[PDB]
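Take a look at this single chain, the form solved without its partner chain, given in structure tokens.
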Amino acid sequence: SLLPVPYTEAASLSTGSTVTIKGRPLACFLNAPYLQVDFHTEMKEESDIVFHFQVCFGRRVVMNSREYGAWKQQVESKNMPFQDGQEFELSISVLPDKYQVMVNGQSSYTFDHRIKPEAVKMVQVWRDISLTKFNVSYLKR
């Protein structure tokens, strides 16, 4: 849609930051489109990932971190609030202990911090979606 995918924005995160993403899958759920959101430690795409969030629409969600080039312990969820053929609103909040992921206003996943959120320098949103809105909030000290 409006914003190009893969979408990359330089970013900083701390407690109280919220990342808001509005978009739509590019395929029906029968065809298993993916969505991936990665919080990176540098602008380079090969950099470490403090928070990796990957939706296989209609099947599962996997969350992980990539630290000094290597993937760590995967967290796999079968929770699937996303609806076939529908626009979604994703809200990722930085709490003191974890990221909290809201889908269409409903708490749907959390992921405890493995690396301090202050290590993030970039957010990338990619795979099989179009994007109409992306925002990182910067309202708190």
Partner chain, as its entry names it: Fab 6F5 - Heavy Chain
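Numbering follows the first chain given and starts at 1.
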Checklist outcome for this item: Of 27-35 and 81-89, the stretch with the higher mean C-alpha B-factor in the deposited entry is 81-89
Next on the checklist: Which is higher on mean Cα B factor in this entry, 69-77 or 36-44?
Outcome noted: 69-77
Checklist outcome for this item: Among the modelled residues of its chain, the C-alpha B-factor of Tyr138 falls in the third labelled highest
Item to check | Where the record places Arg59 (Cα B-factor, split into thirds across the chain) | outcome: highest
Checklist entry - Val50: which third of its chain by C-alpha temperature factor? => result lowest
Item to check | Chain thirds of CA B-factor: placement of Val94 | outcome: middle
Checklist entry - C-alpha B factor of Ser14, ranked within the chain: lowest, middle or highest third? => result highest
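Same protein, other form: the form deposited with its partner chain bound, not shown, and the subject of what follows.
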Item to check | its partner chain contact at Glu87 in the deposited complex, heavy atom, 4.5 Å | outcome: no
Checklist outcome for this item: Residues in 112-134 that come within 4.5 Å of its partner chain in the deposited complex by at least one heavy atom, in order, are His113, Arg114, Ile115, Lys116, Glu118, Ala119
